[PDB]
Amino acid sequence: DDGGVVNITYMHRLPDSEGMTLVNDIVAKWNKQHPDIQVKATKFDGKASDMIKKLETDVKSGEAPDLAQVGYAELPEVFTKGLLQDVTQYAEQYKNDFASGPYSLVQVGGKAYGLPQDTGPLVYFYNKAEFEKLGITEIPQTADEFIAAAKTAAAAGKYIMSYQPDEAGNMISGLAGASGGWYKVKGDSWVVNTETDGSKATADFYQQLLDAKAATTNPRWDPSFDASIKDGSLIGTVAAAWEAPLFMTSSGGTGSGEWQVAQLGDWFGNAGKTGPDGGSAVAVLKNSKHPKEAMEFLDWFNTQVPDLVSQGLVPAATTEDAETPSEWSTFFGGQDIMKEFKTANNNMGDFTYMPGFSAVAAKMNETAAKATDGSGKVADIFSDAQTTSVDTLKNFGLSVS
């Protein structure tokens, strides 16, 4: 057996914002109960896309943590780079605590590499009061009706959509992906087609909005995005469900009591489905000496539903129902928004991510930015994604048909 005290490290990229139950306060509850398995949790200091790059460096140097947050979209990539540890025999014991979909997303070739933590269905946030002032009395359900409403809003200096060039690889991929995968293994080779009917419909929607100067073009993570919420100009947008508390904080309180969550309309060729934008597992890394206890702790951590919800997560756990915090329902006009998140999750399309998708997302963002001043077309996001996807697979030494 192990010695009396096993020490585990967990690196995460949860927000830990004001109002949230901090990861360290969650882990402190574990540590008090379990002197036998002590956990040191740290938040990655850096932007999200740099985390798996640090993990790569640290695995090689022998400085890696036992446990690390790894997006579902990132897992095939870090697996292919040899950064993970097969923990199938441990995952199997905790399987029943988690939804089957998310659980399948910690697997590669029927081997499990950690446990699922949250999901990222796309939804629509809007200020119902401001919609009413503009005469928009229903969420438009077709792209054409939405675009018409958006032009009405824009003429009034309001915007019912944002175009987020720094999120094209996550949000726009998810919107296009709602109606069909881009990546499939066909035996000895990958087959790539990022130019699906969904990609085309998604491009057309944003193109018409941008041409009409009827969507904001501020990068999501820039202060200019927050300012557009605070100043009342951005009154509607697609958002990943985990954005809720982030968006609330970014608003400064503007529109509190008037915001609502709706399912995505049929704006993206999505035909009643939504798609994933982020969502993460926590994986056990290659040279962790204590995979059993890492997974023991992880199962506990990933089933602390209310605490995870406080971080904005839509938990993968099925051990208890997630409930909308009182502060959130108050901001969102009394709405039980978690119910909308659950509906969205249940209507979210499956989407395989090729190993190396980080390069695809990088290219998507670069090309997306060209569309903001009309130097590029929105459709080029997807034609470039096609080429970068094929190139990246080949760079990994993988066969492409």
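In this text, residue numbers run from 1 along the sequence as written.
A.B. asks: Hey, which bit's got the bigger mean C-alpha B factor in the entry, 141-149 or 169-177?
C.D. replies: So the stretch with the higher mean C-alpha B-factor is 141-149.
A.B. asks: Using only the Cα atoms and their B-factors as the entry lists them, report which of 75-83 and 197-205 averages higher.
C.D. replies: Here the higher of the two C-alpha B-factor means belongs to 75-83.
A.B. asks: If you compare 254, 263, 117, 311, which has the highest Cα B-factor in the entry?
C.D. replies: Going by the entry's C-alpha B-factors, 254 comes out highest.
A.B. asks: Looking at 238, 294, 271, 241, which has the highest CA B-factor as recorded?
C.D. replies: The listed residue with the largest C-alpha B-factor is 271.
A.B. asks: For residue 135, return the chain-relative third of its C-alpha B-factor as stated in the PDB record: lowest, middle or highest.
C.D. replies: Highest third - that is where residue 135 ends up once the chain's C-alpha B-factors are sorted.
A.B. asks: Considering every modelled residue of the chain and its Cα B-factor in the PDB entry, is residue 361 in the lowest, middle or highest third?
C.D. replies: According to the entry, residue 361 has a C-alpha B-factor in the chain's lowest third.
A.B. asks: Taking only the Cα B-factors deposited for this chain, tell me whether residue 216 sits in the lowest, middle or highest third.
C.D. replies: According to the entry, residue 216 has a C-alpha B-factor in the chain's middle third.
A.B. asks: Within this chain's modelled residues, let me know which third the CA B factor of residue 338 belongs to: lowest, middle or highest.
C.D. replies: As the PDB entry reports it, the C-alpha B-factor of residue 338 lands in the highest third of its chain.
A.B. asks: Sort the modelled residues of this chain by their C-alpha B factor and say whether residue 332 lands in the lowest, middle or highest third.
C.D. replies: Top third by C-alpha B-factor.
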